[PDB]
Structures are given as C-alpha cells and as structure tokens.
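Chains as they are written, first to last, in the entry's author numbering: chain C, 3 to 26, 36 to 287; chain D, 1 to 26, 36 to 168, 180 to 287; chain F, 1 to 48, 50 to 62, 65 to 91, 95 to 133, 135 to 156, 159 to 169, 175 to 311, 316 to 369, 372 to 397; chain B, 23 to 43, 45 to 185.
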Amino acid sequence: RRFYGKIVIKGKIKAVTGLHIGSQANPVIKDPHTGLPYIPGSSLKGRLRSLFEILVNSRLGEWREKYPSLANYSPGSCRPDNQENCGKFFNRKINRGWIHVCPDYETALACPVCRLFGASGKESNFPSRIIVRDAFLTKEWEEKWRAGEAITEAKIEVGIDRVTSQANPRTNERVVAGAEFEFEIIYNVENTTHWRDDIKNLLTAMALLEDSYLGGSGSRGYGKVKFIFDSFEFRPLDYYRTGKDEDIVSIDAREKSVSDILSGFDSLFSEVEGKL
Amino acid sequence: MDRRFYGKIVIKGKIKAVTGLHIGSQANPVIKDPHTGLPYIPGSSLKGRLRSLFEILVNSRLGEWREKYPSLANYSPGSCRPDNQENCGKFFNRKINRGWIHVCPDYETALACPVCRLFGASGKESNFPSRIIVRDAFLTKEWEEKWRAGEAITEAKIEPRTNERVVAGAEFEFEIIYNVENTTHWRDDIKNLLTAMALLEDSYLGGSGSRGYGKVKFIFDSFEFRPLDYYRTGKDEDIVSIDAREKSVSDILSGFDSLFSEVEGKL
Amino acid sequence: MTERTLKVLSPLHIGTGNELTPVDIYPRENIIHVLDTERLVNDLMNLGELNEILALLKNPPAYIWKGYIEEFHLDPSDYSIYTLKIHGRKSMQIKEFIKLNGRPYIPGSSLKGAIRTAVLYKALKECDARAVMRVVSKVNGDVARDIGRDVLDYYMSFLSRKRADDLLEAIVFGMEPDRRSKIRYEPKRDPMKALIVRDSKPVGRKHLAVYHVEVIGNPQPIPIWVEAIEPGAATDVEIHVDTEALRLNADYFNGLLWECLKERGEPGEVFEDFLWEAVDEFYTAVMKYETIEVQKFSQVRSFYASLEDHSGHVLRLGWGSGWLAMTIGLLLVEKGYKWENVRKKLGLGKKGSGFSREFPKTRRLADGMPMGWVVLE
Amino acid sequence: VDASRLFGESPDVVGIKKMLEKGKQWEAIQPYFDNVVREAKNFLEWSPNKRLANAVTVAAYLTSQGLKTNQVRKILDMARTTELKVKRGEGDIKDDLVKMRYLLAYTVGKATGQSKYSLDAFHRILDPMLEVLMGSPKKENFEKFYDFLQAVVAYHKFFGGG
RNA sequence: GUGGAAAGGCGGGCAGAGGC
RNA sequence: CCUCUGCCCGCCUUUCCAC
Ligand SMILES: [Zn+2]
Ligand SMILES: [Zn+2]
C-alpha cells in the first residue's frame, strides 16, 4: 500500500526509579528461559497511545485544520451513553473501557492518533504504522546478572489506618533502579506527506512519558523512566530491493526527547526530508 | 467521562533530614538502593504521610467545606471500625485490610472530594486516577561525595536494641509532579498540596518519630509549570517560579498568588 | 509552646554502649586527647606494616602503645576532651557520650523515657476503688485486683529480659483484650503516642569533659571514668502534645492514665497540663528521698537544698540516676515486707543477696555532684 | 563423640548442635582445625567446600566462647563497603586494608576480662587470611573470603550463639 | 497477497505502633 | 532485640468478515 521506507529509532530506556510491570510476591514479568526482566512492546506502545489521546482530547479545536475528522468529536468519553461512535472522542468500548479508535479507514487516515497507532472498524481498518519492540536488558546488565549482582528487588509497602495506626503491609517486586534497557521503534512511511507529523507526534508522546510514569505504581514512584537515543536510520524502498547499506543515519548519541523533538527536528532530519 | 490535559506543575527541591531519619524495612536496616547501597525516602512513604496528615485535616472540617467541595454530603466525621460497612456516612470508608482509609467509591464522587482528586481514588466499576506523582527521593550529589570519602551516612543507635538512622544533616532530592487536568481547579490542588506539606514539617517522617526521628524540612529550588506547548516543542519556554530561599510556610502564605501570576498567563 | 530550652545542673552521661580503649587515648597534659586510629594508623605508614596489627592486638604495657607515635611524629587527635578530676597508670575505659558527628546531643528517646516514669508515678498514686472499673471492661481480672486492694498491693504478691512491669504498664497505659496471661500491653492504645519529643540541638565541644565517678556505699569505693556534659550547658528541645491525635482516640484508649484525664476536664485538653504536674511530683519526691540518706561523701545536701528555688521542671536523665529514679520503687518503699520478699525474688547482690542495703546501696556521683539533673521550663 | 562423629566435610553438621548447647570434648577436637586454619595461610587454597566444612569447626571453636556482635559488625560492615566499591567504583582498596587490620587489633585490645580466649580465638584464625589481601587483587582471591566471611557467622548462631 | 486488525497488567494503599 | 499485622478489590476477553 504505497510503501516508501521504514524509519528505525534505537535508544536506551533507563529506569531512574524502580520499574515494575506486573504479571499476576508480586512479580515483574520475566523471560521464561533467562528469567531476566523486560519491558513489553504492548506495554510501551499503549502507554504512548494513552498519553497522546489525552493530549489530542484537549486540542480538538486547534487541530481541526491540520487534522481532518477531528471536528466530529467533542472532548470526552462516550461512557455515559452506552453507544459507540457517538459524538465524543473516546468512542469504542473495548470491554468496559472506552478508547479512541476511529470507525473507518477514511477517517482514521485523518486522525492524528489512529494514523500512527492504527484503528479497527467495519468496512476495513487502519493497521498501525509503528512497531514497538520489546525492550530487553542491555549486555552491561546481563553481565551484572552474570556477575552475581541483584537485578530486581522486593519492596515492602504498608497501608495504615489513620485513626488507630494499624499496619497491613504488602510487598511489590520491582526492577532495581538504574537498569538500562534497549528499545527499537520502526515507523512505516506509508505516505510521504505526513511522516514528519507522525514522528513529531511520536516524540511528543515520548516526552509526556518522561514526566509521567511507565508501568506499575508511578503515583507512588515506580515510573521515572528516561529515554536515551542512539541513532535514527531511515531505510529507503531501494535499500530492501538490493540489500546495500545505503540508508540515511541521523546520529545523536546523547540527546533528550526535547533536544530532538524541536531542537534538531529540521537540523537532523534534513537528509530524510531530501530522499523522501 | 472527560479527562483532559493542560500541563504538569513540577515541584523540585531538597529534603533536609534535620534529625536522624529512619524508614525501615526487612539489624533493623533502613531501605537503601540495592545498586548503590544508599538510603532514600520512597515516594510511596512520602505520598502516604502527605495523605495521612491531610485526611485528618479534612476529617475535622467536613462540615464547612461541603459548599466549596461538594460530595461531602456523604460524609460525617468518624470511621468504620465501630461497624463493618465499606460505605456508610463516615469519612474513613475503605476497608484496606485491618486499617481504614478514605477512598471515594467512584469517579464523580471523587471529582468533588478535595482529597481523592489530588492523591487519587479507587473504586468498583469506575475509578479515579491520581494527579500528583511523587518520585522516590535519593541522596543529593554532595552527600554522594561524603560517602565516597568516608564520612558517615548511617549510624547505629543503641536504644537493648539498635534502630539504625540516616545521620542528621543529610539531604535527599525529592521531585513532585502535579497533573493539570482541569483549569478551573488547579489553585486549590496546589494549595491543598502545600497545606499537606506544612503539616509534615510539624509532624515527622518514618520510623518512631515521637522519639525524635523526624523533623524533615523542605528546601525549595524550582516551581515549573510546563504547559502543553512545551511537550509539542522542545524549546525551554515554560514558567519558572523561583522560590529558592522561600519556605513552604511562606509560599502557601500570602505570597502565593504573587508567585502564581504567570501560571495565569498561560491558563 | 515550642522550643522549650533546658539547662544542665549536674554531670549528664547519655551512654552509647561504647568505651575508649587506651590505644585511642594519649593524655599529653591534664587535657586528654582522642587519637584517630583510622587516620593516624594510615598516616604512620609513610614511615612504615604488620607491627601495628600485632602490637594493638597484643596490648602490652596503653602508655607506650600510644607514646610510640611521639618518635618522629606528633599531633593526631580528634576531640580532645578535658579530665576535670584528679585521675589519669592509664588503666581506664572512658565511656563515651552519644554523638551524631562527634558532636554531643541529647536523644529524644531518653527524655521521653524519663517523662514516662514521671507520668506512670502519677497514675499509680491517684488510680483501688477506680482501678477496678478500668479492668471491668474486657479483662475480668479486676476482681483479683478488688479482693486484694491502688493496684500496687496486689502486684507485690502477684509476682510472688525481666518482664516484671508487664502487667503494671498494661494497667496504666493499655488494656488489651486477652492473652495467655490476664492482660497485656497494646501500643495502639496509649496517650503517650501523642507525646512528641524531639532530639535536641547539639550541645558543643566546650561543655564536654571526662569525669571520675566514685561509687559510695561500700568501705572500698570504686572509680569509673566517664565523659559527661558539664553543669551549666544550655540547649533547646521542643516538646509538644498533638491534641488532634487524642480527639480521634477518645473511645479507643483503655487505661488508668485516661481515667486520670477525664477528671481534670476534657481528656484531650488537660493531658499537657497533667504531664508536667506528673514531672514535678515524681522527681521532687525522689529529690526529697535522697536527703534521708547521708552515706554520700555534706556537700551533696547543699546541692539538694539548692535545687529548690529553681524555676522550671526538674527531672533526671542519663546514667547516674539510680534505682530510685528509673523505677516505680520509690512508691514501693512504703510497703516494706510486701516488697522485701519480692526484691529477693527478683534478686540483687552477687559474687547471695544484700540484706539491709538491697536496693539503694550504690550512689554514682561525679566529683561530689549527684549526676544527671536537667531542668526544663 | 569426641572426633568420632565429627569428620571432614558434612558428617556431623546436624548432630553437633545438641553437644554444643561439650566442655572437654570440644577443647581438643576443635583445636586441630584452628591450627590447620593457621597453617592455611593461603586463603584461596580451597576451591571445594573445605572452607564451609571448616566454617562449622571454627564456629564450634567460637561457640563455647563469647563472640559479642557489636565488635563483630564494624569489622564486617567495613568489609561490605570495600565490596560496594568493587562494583565499578574503585580498583585499589590498599589504603583501607591497613585500617581493616587495625580494627581487629583495636578489638582484641578493648575486650578485657572474661573475653580473652574468645577474641583470641577470633585473633588466631583470620590473621593468616588478613595478610593475603594486601598483595592480591579483588576480582579473585578476596571474594572467596567474602563467602567464608559470613560462613562462620551463621553456624555460630546455629550452635547457640549471639 | 500473513489465524489477521485495534487492545498500558493497572487503579488506590506512611514497614508503623509502643520499647531511655 | 521484643508484641499484632505478612494483599486486597476488581475486570478475566471486546469487536469486525464484502452474496
Ligand atoms: Zn483516530
Ligand atoms: Zn474522597
């Protein structure tokens, strides 16, 4: 479907405070062979999609011209009226929770949200344009697990009656703070008009996650994840056709998500703008 | 129904352990980072004692605030230890195992509770998410260097038993983030938050405390607003309300809306 | 009130369970010095070994093991206290004071445990006709406290590490539901969980000195070396009662102390006023009791007659406060034979039993001053 | 029972707990290992479970004696801070090993009275190994003591100490 | 011309109460 | 170093298939 190229973003997710992404004495999820923790791709994609739908919901007025089909929603959840595709923004009842998923391919081509994360509706659906891989540990932290150090902790938290001061403690496992991860996000350039927007929106939602939390408790301190990029390479359609290493590389080993979202958006991606 | 976003008021600063500081775990060790072996105040343990003191503040004032914050027509000041109901006319209406806590049972009751809109509610069916997030606060940079060079960061205090305590004078870094989800009531939620911190400077933090293990004292460095425009553009164009030599008993004091005139300028 | 400052009227030793071995000390003058072994040992390497690890473990004839640094080196000390007495032939173990950064402070757990003894004394004075109605609720053992007849006259025969005060703290502070015994303590039921005392500001190096505590009561007196805050040092401490924590617990407190507060008025309002009237009635009563015994040293009585006409609240702390000042047993003097069989039951003298001087024989006073007096106001 | 049930590796780890909770039987059976450990001046001369087997005999040689914990901890809570600086922090802990041997010399010079042969049981066995850390790295040849560090601590609680 | 497309294991919870 | 506490409450699949 008009495939042009794939933009790959590789960076290190870093846990400044102890990450906890559970399973159901409260385990963080683990590889069933190595036993080392990991961050899923369902759990990182959907935390970016979540924080960004709350972002668009506040801006259903300013964005009606840059994004068409955003004038059909009024900001809110369609939870009060148990009908899907009413006039609100959060309009698909998945099971009990209401999520913005656009109803139709020709509207989801014009939403800022459903164009990047995709949508499902009768009479076809829009496949996502990103692939959020699972974020395993880096090899420096395998080789601290090989070295015999800890890699998860067991934290004990208590709830307290405020009048009697009676304590009833519970324990959460969480990954040790400091653990470096390794992510990869593979955008799919299906249109060449909106590829800058979908990358600026993917970096907007990554900047929300650096002041929100990823996974677990977070309001009590479990998030505080930090994104550290390495390199963004755009793979052209001809590169696959031949397998010759002939692809643009935007190199930024030490940059934030706010130092790359607008500081270098046109200064680093200028060579990606050229080749389309 | 209708969760929005406008920005994130970020309160940074530095906690001063004026007296020795003991937040234990399981010869009675204070929790430390497993990686660096150094103590810290958890955000779980700081958000609780900020909520322990504020609910008791609201517990004594349930009559004269039900016109400013409605849905306090549900509550009469008390508890539910006398009779096992999860929800009656009493303020402490959460079983929470053997000790009761105040949690409104729904989104829209907690949307007008001044407590559960700030620290966050929980409920069967609909539930309300928290608006402050409290990171775990570690040691500062200059007390790393005192650990690098052999200055004591801990001490054993024989009480016949030993309560270990983080040695007094030590400082920790604490970051508090408030989520502006509705522009009409952000002023109260910043005032109700600093109200909860003024109570902590008179109460204690962790451990016994009635034997003097508390006297925690905040030292502010920066308020920052961070509007929605900041997330879209990486430029540092956000409001920086410096209060660097101010005290929590002076920011919330008259001197508040002089500090918070520039948050108005974005709305 | 907040920041209720104190002063110090006698030597005051808050122990930390640590002594200074003579390898830590070398007194060049009448002043003494605390050498830094970690820095001095690592500073005496440049001139060179395994000899330091052999000699310090050997502990030969102390003097030469600290004066051997004088050869081609000098001046490695930490705190440099003063001796303030006619002693120190090293042969001593200076007990050290509790310090947070090498700086002496008063711990708040030690000033609360002195108020708790004063408050426990006031509760057993006023509360046997009312002490049964406290244990009438969910205890069922007040009939034994009624048939004996003022729960003290039963507790002398009830007993007839050490958990001797287990029932008496469970009657005056915290009635539990049930146990394998009759009743037990519940920390959740206590008015003293509303009493907040905090660690004081640090005192200072200038007010700290070594002392020479002589034990009197035997024909051969023994000396103990110790360091203590000199009399005349004044620091500031803040004590307050959180009245909001009493209003929430008006139905949950079950003890004789709570039945001393409902008779002075509102029980969540007079607890701070009851608190100091308990202080100046335990500690003035132990102040007058020590004017009976004259076995000390003369000048000791001239200290006790001068403790009067002194404004503020007078109380004991520390290490030299004897068995009379740490214990209910000031009130257990008037029993006599009801406590005489029990004091041998508990035991006392060792190396059988002390007959006529069972409890009060030892007096630990520093330089002719009865040590451990701190006056709040 | 004297040098009959007790053998090299794991014969009497479970049966000697009742005998230590005796006087003349442990005064001669445990004296041979406390001399062989003195003859074990090379610390990493045991890659098998010989250390953990000798840890029971040394803790039985420390069972009938005192071994107060407040003198134990500071020597061994300094042994962790050396290890905490191994984790990409430092590579030369030469200046602290002189202070490490000084704390054991300060310990045997302070505990006077009925605790002489207790702390001299402590002073006997470790000084063959406390010379080894000076001319040796940390990534090997220290960590094997750090296992035998707590090996003697734990069984000493198991035979009835503390 | 892919047993596919869309789908945050999370919301709330002071390791504390007395113990010199 | 002693005395009570040592996980609760939920959703547990929803929706799309052009005769
Ligand atoms: Zn959409
Ligand atoms: Zn509420």
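Where a beta carbon is used, it is the ideal one built from N, C-alpha and C, also for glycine.
- For B/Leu107, the chain D residues whose Cβ falls inside 9 Å of its Cβ are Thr45, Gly46, in order along the chain.
- In summary, the residues of the region 182-213 of chain D whose CB is separated from some CB of chain F by less than 8 Å are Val187, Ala188, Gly189, in the order they occur in the chain.
- Look at D/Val124: its beta carbon is less than 6 Å from one of the heavy atoms in ligand 2.
- Pairwise C-beta distances place the region 250-260 of chain F in contact with the region 274-293 of chain F, as three or more of them are shorter than 8 Å.
- Under DSSP, C/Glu244 forms a beta bridge with C/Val10, C/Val260.
- F/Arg194 and F/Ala178 have their alpha carbons spaced roughly 16 Å apart.
- Checking the 6 Å criterion, the Cβ of D/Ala216 is out of range of every heavy atom belonging to ligand 2.
- For the options C/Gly232, C/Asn212, C/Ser223, the alpha carbon positioned closest to that of C/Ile272 is the one of C/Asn212.
- The beta carbon of C/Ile142 sits closer than 6 Å to those of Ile197, all from its chain and outside the five residues before and after it, given in chain order.
- Shown here, B/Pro33 sits in coil according to DSSP, grouped into three states, outside any helix or strand.
- Nearest CB-CB separation between F/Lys202 and chain C: below the 7 Å threshold.
- Taking the Cα positions, D/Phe240 is about 6 Å away from D/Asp263.
- Look at C/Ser54: its C-beta is not under 7 Å from any C-beta on chain D.
- Under DSSP, the beta-bridge partners assigned to C/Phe147 are C/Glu193.
- The Cβ atoms of C/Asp222 and D/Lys8 sit closer than 7 Å to each other.
- Nearest CB-CB separation between C/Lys235 and chain D: below the 7 Å threshold.
- The residue from C/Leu59, C/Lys155, C/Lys267, C/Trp109 with its alpha-carbon nearest to that of D/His44 is C/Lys155.
- For F/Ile210, the nearest beta carbon of chain D is closer than 7 Å to its own beta carbon.
- Note on C/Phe5: under 16 other CB atoms within 10 angstroms of its CB, so exposed under the neighbour-count rule.
- The C-beta of B/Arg124 comes closer than 7 Å to at least one C-beta of chain F.
- Assigned with DSSP and collapsed to three states, F/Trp239 falls in strand.
- Annotation: D/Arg181 to C/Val169 spans about 23 Å, alpha carbon to alpha carbon.
- The Cβ-Cβ distance between F/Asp149 and F/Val142 falls below 7 Å.
- Contact between the region 272-281 of chain F and the region 302-310 of chain F is absent: fewer than three C-beta pairs spanning the two stretches fall below 8 Å.
- Interface criterion met: the Cβ of B/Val121 is under 7 Å from a Cβ in chain F.
- Taking 7 Å as the cut-off, the beta carbon of B/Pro151 is found closer than this to the beta carbon of B/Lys64.
- Assignment of B/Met152 by DSSP, reduced to helix, strand and coil, places it in the coil class.
- Here the C-alpha atom of B/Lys139 lies approximately 40 Å from the C-alpha atom of F/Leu9.
- The Cβ atoms of F/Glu241 and F/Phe103 lie closer than 7 Å to each other.
- Within the region 114-129 of chain D, contact with chain C at the beta-carbon level (separation under 7 Å) is assigned to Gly129.
- For chain D, the residues of the region 145-171 of chain C that bring a beta carbon within less than 7 Å of one of its beta carbons are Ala161, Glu164, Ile167, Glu168, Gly170, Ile171, in chain order.
- The bridge partners DSSP lists for F/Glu228 are F/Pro237, F/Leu385.
- The region 101-115 of chain B makes no contact with the region 25-37 of chain F: fewer than 3 CB pairs, one atom from each, lie closer than 8 Å.
- Of the candidates D/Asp115, D/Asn106, D/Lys56, D/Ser25, the residue whose Cα lies closest to the Cα of D/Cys89 is D/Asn106.
- A residue is called buried once 16 or more other Cβ atoms fall within 10 Å of its Cβ, and F/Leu55, having fewer, is exposed.
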